[PDB]
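Chains as they are written, first to last, in the UniProt record's numbering: chain A, 2 to 41, 45 to 204, 213 to 246; chain B, 2 to 246; chain C, 3 to 246; chain D, 2 to 205, 212 to 246; chain E, 2 to 245; chain F, 2 to 245.
Heads up, the beta-carbon is just placed ideally off N, CA and C, and yes, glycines get one too.
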Amino acid sequence: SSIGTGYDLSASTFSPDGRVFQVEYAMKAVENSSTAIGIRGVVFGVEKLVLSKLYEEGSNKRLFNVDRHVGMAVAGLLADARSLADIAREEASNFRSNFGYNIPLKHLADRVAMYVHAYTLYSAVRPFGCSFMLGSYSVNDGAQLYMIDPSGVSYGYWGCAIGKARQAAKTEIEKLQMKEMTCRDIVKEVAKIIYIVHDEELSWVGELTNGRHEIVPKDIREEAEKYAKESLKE
Amino acid sequence: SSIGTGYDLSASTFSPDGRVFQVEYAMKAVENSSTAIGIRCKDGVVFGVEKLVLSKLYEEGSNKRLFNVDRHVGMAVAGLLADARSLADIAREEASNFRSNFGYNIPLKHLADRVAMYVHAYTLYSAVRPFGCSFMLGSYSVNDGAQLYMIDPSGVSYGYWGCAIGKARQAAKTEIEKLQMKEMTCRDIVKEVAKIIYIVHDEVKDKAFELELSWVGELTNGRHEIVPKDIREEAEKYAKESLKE
Amino acid sequence: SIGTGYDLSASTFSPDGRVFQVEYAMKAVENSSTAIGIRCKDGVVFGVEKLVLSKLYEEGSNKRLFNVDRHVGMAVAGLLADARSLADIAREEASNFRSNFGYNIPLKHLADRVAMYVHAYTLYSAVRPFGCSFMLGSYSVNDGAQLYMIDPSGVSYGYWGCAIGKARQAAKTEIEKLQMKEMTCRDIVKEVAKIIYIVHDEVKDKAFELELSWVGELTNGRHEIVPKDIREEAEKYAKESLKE
Amino acid sequence: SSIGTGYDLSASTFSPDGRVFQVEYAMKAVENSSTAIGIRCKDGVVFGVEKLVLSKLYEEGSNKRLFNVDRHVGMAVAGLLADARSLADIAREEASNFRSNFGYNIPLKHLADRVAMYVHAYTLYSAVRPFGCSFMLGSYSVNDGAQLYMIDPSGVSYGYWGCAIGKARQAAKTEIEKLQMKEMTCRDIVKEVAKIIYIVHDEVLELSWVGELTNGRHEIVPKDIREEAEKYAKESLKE
Amino acid sequence: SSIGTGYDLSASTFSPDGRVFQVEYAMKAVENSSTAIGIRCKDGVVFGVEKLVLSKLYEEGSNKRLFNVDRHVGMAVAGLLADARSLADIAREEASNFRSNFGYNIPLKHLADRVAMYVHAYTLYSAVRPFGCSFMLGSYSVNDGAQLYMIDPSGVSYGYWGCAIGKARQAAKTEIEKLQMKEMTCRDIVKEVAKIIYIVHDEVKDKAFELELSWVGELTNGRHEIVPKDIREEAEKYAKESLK
Amino acid sequence: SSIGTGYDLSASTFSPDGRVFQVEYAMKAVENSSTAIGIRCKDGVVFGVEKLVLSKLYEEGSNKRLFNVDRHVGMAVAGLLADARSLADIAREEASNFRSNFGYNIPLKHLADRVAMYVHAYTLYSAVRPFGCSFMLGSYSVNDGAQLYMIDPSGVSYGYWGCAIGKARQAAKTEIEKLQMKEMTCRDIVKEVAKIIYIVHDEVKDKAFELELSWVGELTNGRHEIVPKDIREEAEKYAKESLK
């Protein structure tokens with residue numbers, strides 16, 4: 002089913018068996034990007053491929069803040085993701101203008117999804133070539149993790165995984181007992197699973221950080237990195 | 002993978018294996034242009050450009066592939082020059098409609114982020130092609146330090162210690178990997194730039210070439226200036242000499 | 003002959019990284035007759051290989067040397083309808099200067115603006131780009147003498163002298179010979195009209211007239227046409243140094 | 002100089018001796034409101050307000066004459082309260098439509114400058130009156146340090162070490178002149194604030216953090232420290 | 002201080018001693034209207050209104066000075082009734098153009114804040130007068146608990162444990178100060194309301210009067226309902242009796 | 002001529018003897034503000050301001066009656082400060098929406114001309130009052146030399162060698178008439194400024210005062226800077242002494 006004739010050149014075009022091929026292709030732009038995962045506070049990690057030595061450190065970043073209290077973790081076509089981050093930024097801001105406090109992640113996800121989906125109907129554009137996840141903690145709402153794909157679908161999650169191996173990395177998170185564990189524990193078990201899955213970057217948010225989504229300090233990375241390298245040998 | 006049928010005539014069109022071919026092609030408009038590079042000393046940033054004397058008849062200070070965007074920001078461009086000049090205008094307005102409101106200079110981080118927004122905007126849609134140019138922005142102030150950014154046709158903003166765009170991307174980047182840029186002063190770097198241009202330049206297939214050069218640092222108050230002719234001719238000479246070898 | 007697809011829209015990069023529909027627009031300039039412009043030390047001079055396409059014509063129709071302002075002259079090659087429209091754009095642009103800013107427009111900038119504009123037609127599928135190159139030349143005393151050339155792709159180039167059309171190539175190697183930085187404008191008009199006659203194809207093109215342009219300290223800053231004395235005299239000088 | 006004929010009914014009307022009376026009157030709407038003050042420690046800024054229990058029936062945390070505008074900015078207001086609350090909304094949006102674009106927090110310098118722009122806008126025109134309120138904005142981060150600003154009805158933004166708006170402006174300012182605010186820590190200051198409220202109050212309290220003390224967050228002052236500082240004021244009063 | 006000359010004909014006009022008289026006058030439109038009050042039990046909120054039978058000819062459930070704004074929000078109004086009804090509409094839209102987007106119910110805190118924004122908007126300008134009405138909003142859900150707010154003509158939103166607007170503001174508020182509202186259940190309160198209406202009512206100068214009454218609490222799921230006739234007539238009776 | 006009836010309440014109203022009184026009144030808003038002056042050396046321009054320490058409690062570098070509008074332009078203001086700050090914003094945008102397009106710095110001639118346009122715009126109409134402030138703009142580059150301009154409420158732009166706005170206009174101007182400003186260097190001038198502030202200042206009726214001071218020249222690259230504290234305190238002292 003390299004279906005396509007015609008059927009796969011526009012988002013404005015259903016295939017006969019009932020499929021918008023140009024979206025599926027947008028999803029395959031996520032597949033060809035490196036793996037990145039997130040798991041419930046909430047923790048994100050990313051298989052960030054040192055494409056060069058010449059880089060800045062803290063360029064590149066595939067873990068954003070959208071707000072103070074929200075983090076974004078992206079996979080696929082990075083230019084697009086950054087623009088979608090901007091959209092989330094505005095959306096969570098034009099909240100606080102009016103409604104006084106922080107935006108609920110449920111809803112912010114719902115909105116930015118609205119937006120992503122908007123690009124799947126029409127012939128004058130292609131859809132976005134990126135998935136991403138949003139993660140937040142406050143105490144009123146608890147811990148929350150969401151994932152949006154190119155087709156514009158917002159999914160709540162206990163943990164998930166996007167990119168090169170989606171598939172491998174998800175079966176590995178199925179193993180863990182995420183509901184129980186503390187955030188401090190998890191960062192290890194993340195970095196494990198990146199290294200497991202990698203074919204031969214890290215993110216807080218929780219009660220652990222006040223509600224602030226921070227980067228993971230270098231102590232804990234290097235230590236958790238090491239723990240991954242070691243439980244690898246096996 | 003001359004992929005394309007259909008899949009490579011619009012920016013509105015993903016290939017099946019998940020690729021916007023018309024952007025990649027826009028990137029290959031940068032490749033066919035001459036090399037240009039930029040690189041971050043500890044007290045600032047330096048740009049140089051393999052500027053191919055396409056004629057003798059030219060003005061000097063036409064041609065220029067090193068702009069000021071502001072006083073304190075410099076732009077260094079490669080690929081399709083008409084496009085770049087327009088993108089420069091966009092950066093100009095953006096860094097201006099800053100100072101109107103926000104009072105002082107624009108942060109390079111952000112300006113890059115904005116002009117990137119813009120470049121990316123041309124990658125989604127069928128009624129245009131994307132821009133056929135990469136470029137780099139460099140600034141110094143003392144509060145922010147030295148800063149170097151590179152945007153490509155696909156609209157991605159990258160921070161850098163040094164980078165290189167055009168004919169040899171590839172050769173010129175492996176040569177900057179050698180240098181110890183974090184340490185060195187800007188005054189030193191201008192030499193080591195002009196070396197690498199001359200290293201990488203093709204004597205055979207490209208003809209004669211001039212060389213264009215760019216300051217910004219604590220060395221120049223924060224002002225992005227052109228490099229005075231003393232220092233060019235001297236650094237040019239140093240390149241010619243360490244070439245023979 | 004790349005093209006399939008790749009060459010029917012300005013909205014379409016070729017795979018090897020090329021907007022073919024612009025290059026084709028440039029080839030509309032090539033098939034037009036030669037025209038050149040060249041910077042003396044006290045000003046700028048334009049000449050045009052204006053092919054008497056008929057005897058029936060008005061004189062001072064046809065004109066491939068415009069005024070855009072008082073102080074700016076335009077010299078065009080390729081698809082003439084387009085050029086005339088671009089002239090209008092330059093006219094407005096240099097005018098909506100003086101409204102506000104009080105004095106004359108700087109050529110640097112005017113060129114930069116009209117270029118902006120030409121380039122605007124190279125990105126999009128609902129139009130083709132302009133099928134014409136042209137040069138702008140001015141003098142004042144504050145700015146000195148200035149010469150610019152814009153091509154279809156929307157690139158503004160400063161120049162000491164340049165040449166657009168049938169032979170670009172021949173006519174440029176001929177201006178390389180001259181010592182333009184030194185010479186006075188009065189001298190140059192000769193050496194122009196020489197080079198038109200040098201380059202002109204006697205065989206394949208038929209008869210031809212010649213059109214000619216001042217601007218310098220020689221003319222106050224005003225871009226004028228070259229008076230008929232100096233044409234017929236410089237025309238003659240070309241005819242003579244031809245025989246050789 | 003009850004000047005006015007004509008000269009004092011519009012913001013569109015200069016008096017002959019060169020005065021926009023309708024603004025000065027808007028300032029006198031601040032005077033008739035209760036006192037409120039704010040003052041810059043070395044590690045942050047502190048606000049207090051002579052909040053007159055107009056009733057027992059109230060909510061607690063209604064009424065509030067100390068807002069958050071952002072997380073990191075606090076507002077402290079005096080005069081005509083309906084207006085202030087609307088100006089707070091303006092500040093809110095302004096500091097938000099920052100973070101949308103420019104990525105981080107808004108600089109207080111500038112936010113003040115903006116919201117001032119806005120207040121001044123109401124002073125020129127005949128179809129409106131100007132705002133009947135002064136207010137102060139206070140913030141801390143570490144990059145910018147501690148910062149305190151005051152805008153009045155006429156739309157003027159002033160930086161300050163400490164200031165005071167309302168019933169006694171005048172009394173309360175001469176009292177802050179005494180203190181050594183540049184030196185002191187924020188923890189110390191809250192006392193010396195609440196003192197000065199009680200000094201100035203006519204016999205015949213709400214409180215505000217921001218500093219390194221609170222991460223950069225403008226919080227309300229916890230009840231420990233109020234009741235303790237309140238007590239300290241009551242005591243050094245007797246004298 | 003019948004101040005006014007000039008100073009009191011526009012909302013665009015500060016008095017010299019620093020006062021927008023035309024708002025204070027709008028507040029005095031509330032005073033000349035009959036009393037109405039609202040008061041926060043621990044499991045919800047209750048409203049009652051001294052509704053003056055201006056005629057026998059009326060519909061019953063015309064007149065109504067207790068609205069629903071939403072399902073879960075109730076409004077209780079005093080002063081100039083035409084205005085109030087329009088402000089209700091504004092609250093209606095505002096709490097609706099919530100649920101469109103944000104999914105669930107509107108928080109009373111905020112809805113009050115918004116509609117206040119709006120009321121205040123009418124206090125600045127010369128081409129209008131402000132609204133001639135106060136009102137109170139009351140809601141319960143379980144997440145937010147019980148909530149009571151009051152907005153006056155000047156556009157100020159106040160949170161409350163209980164309050165009172167109209168003929169006697171003053172009398173009725175001192176009476177609610179007596180009660181222990183934080184403790185009591187909603188079922189208890191409705192009595193103690195209807196008491197205070199009857200206490201405050203002027204037997205001499207006002208004639209006969211009906212009584213209107215309002216639920217919201219855990220008692221009603223979150224729904225603001227009218228108080229069923231059992232409980233009115235029973236609480237009405239209890240008021241009549243503790244009167245004597 | 003307290004003329005006014007009618008004639009002096011609107012900018013839309015000529016007096017019968019031919020006068021827009023509401024502008025003249027706007028000018029008298031400048032008079033009641035403290036003095037500030039500016040004066041053109043041969044290598045640049047210098048501003049100083051009789052800045053009345055209205056309190057001890059202030060920030061230092063609040064208050065500022067000397068702005069940067071650009072890097073290369075400085076503004077010095079007198080009268081109604083809220084207005085001035087808004088006019089500064091206008092100048093800021095205007096000199097910015099230059100560099101966007103025209104590539105380099107804005108010419109002071111023109112910037113003044115523009116912002117003036119604007120100030121004048123407020124003198125015709127009944128729905129506004131004009132601005133209650135004068136100000137001066139000063140710049141140096143090498144191409145244009147040193148330049149000093151003053152705009153008053155009526156919207157008139159004036160070039161100057163030196164000028165003075167506020168409490169004593171009059172005193173301070175007769176004092177600058179003394180100096181030989183065309184000759185002198187900027188370094189010299191800052192003294193002679195701060196002299197004239199102190200000369201003119203009223204010791205009786207105004208209390209203490211600070212002093213604010215402003216560079217621009219070849220002395221500072223073209224940058225308008227504040228005057229470093231060395232040179233202030235030293236020039237302040239020189240003023241105090243030649244006072245006695």
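| request: Buried or exposed for E:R100, please, with buried defined as at least 16 other CB atoms from any protein chain shown within 10 angstroms of its CB. | output: exposed
| Taking any Cβ of chain E, which residues in the segment 100-132 of chain A have a Cβ under 7 Å from it, in chain order? | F103, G104, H111
| field | Where B:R170 meets chain A, residues with beta-carbon distance less than 8 Å | value | Those do not exist, as B:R170 stays about 11 Å from chain A at its closest Cβ, beyond 8 Å.
| task | Would you identify the three-state DSSP class for C:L88, choosing helix, strand or coil? | result | Taken through DSSP and simplified to helix, strand or coil, C:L88 comes out as helix.
| request: Rounded to whole angstroms, what's the CA-CA distance from B:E60 to C:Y159? Just pull it up for me. | output: 8 Å
| task | Excluding the 5 residues preceding and the 5 following A:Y126 in the sequence, name in chain order all residues of the same chain whose CB lies nearer than 7 Å to its CB. | result | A12, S13
| Residue span of the beta strand (DSSP E) that contains C:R41, given as start and end | 37-41
| query | Quick one: what's got a C-beta closer than 6 Å to A:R233's C-beta in the same chain, skipping five residues either side? | reply | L214
| said: Classify E:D231: buried if its beta carbon has 16 or more other beta carbons within 10 angstroms, exposed otherwise. | reply: Under this definition E:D231 is an exposed residue.
| task | Check the Cβ-Cβ distances between A:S2 and every residue of chain D, and say whether any is below 9 Å. | result | no
| task | Starting from D:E60, find everything on chain E with Cβ-Cβ shorter than 7 Å and list it in chain order. | result | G160, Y161, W162
| task | Note down the Cα distance separating E:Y239 from E:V201, rounded to an integer number of angstroms. | result | 15 Å
| Buried versus exposed call for C:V54 [16 or more other C-beta atoms within 10 Å across all chains shown] | exposed
| task | Starting from the C-beta of D:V129, find all residues in its chain whose C-beta is less than 6 Å away, skip the five residues before and the five after it, and write them out in chain order. | result | Taken in chain order, the residues that qualify are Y123.
| Could you give the uninterrupted runs of the alpha helix (DSSP H) lying entirely in the segment 164-238 of chain B, keeping only those of 4 residues or more? | 170-179, 187-201
| task | Write down the C-beta distance between F:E95 and F:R115 rounded to the nearest angstrom, noting that I regard them as a contact closer than 8 Å. | result | 5 Å
| field | Extent of the continuous beta strand (DSSP E) run through E:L149 | value | 146-152
| Does any C-beta atom of chain A lie closer than 9 Å to the C-beta of D:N144? | Output row for D:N144: interface = no.
| message | For B:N33, would you say it is in contact with chain C, using Cβ-to-Cβ distances shorter than 9 Å as the test? | response | yes
| task | May I ask you to report which of helix, strand or coil DSSP gives F:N69? | result | strand
| message | Please list, in chain order, the chain B residues whose beta carbon lies closer than 8 Å to that of A:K52. | response | Chain B residues near A:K52: none, gap ~13 Å exceeds 8 Å.
| field | Residue burial classification, D:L67 (beta-carbon count within 10 angstroms, cutoff 16) | value | buried
| task | Identify the contact partners of B:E94 in chain F, using a Cβ-Cβ distance below 7 Å as the criterion. | result | Contact of B:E94 with chain F by beta-carbon distance below 7 Å involves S101.
| Residue of D:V47, D:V24, D:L244, D:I38 minimising C-alpha distance to D:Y141 | D:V47
| Three-state secondary structure (DSSP) at B:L244? | helix
| Shorter than 9 Å from the beta carbon of B:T36 to some beta carbon of chain A? | Not flagged as an interface residue toward chain A: B:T36, since no C-beta distance is shorter than 9 Å.
| field | Opening and closing residue of the beta strand (DSSP E) in which F:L138 lies | value | 134-142
| message | Measuring only the C-alpha atoms, how far is A:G156 from D:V24? | response | If you take the alpha carbons of A:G156 and D:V24, they lie about 53 Å apart.
| query | So, using beta-carbon positions, are E:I40 and E:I177 closer together than 9 Å? | reply | yes
| What first and last residue would you give for the alpha helix (DSSP H) that runs through E:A113? | Per DSSP, E:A113 belongs to the alpha helix (DSSP H) from 109-121.
| query | What is the DSSP secondary structure of E:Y159, counted as helix, strand or coil? | reply | strand
| field | Extent of the continuous alpha helix (DSSP H) to which D:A30 belongs | value | 22-32
| Of the choices C:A85, C:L244, C:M185, C:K192, whose alpha-carbon is the least far from that of C:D203? | Measuring from the Cα of C:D203, the nearest candidate turns out to be C:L244.
| For D:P108 versus F:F22, is the C-beta distance shorter than 9 Å? | For D:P108 and F:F22, no; Cβs fall outside 9 Å.
| field | Contacts around F:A92, its chain only, beta-carbon distance under 7 Å, and the 5 residues preceding and following it disregarded | value | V70, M76, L112, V116
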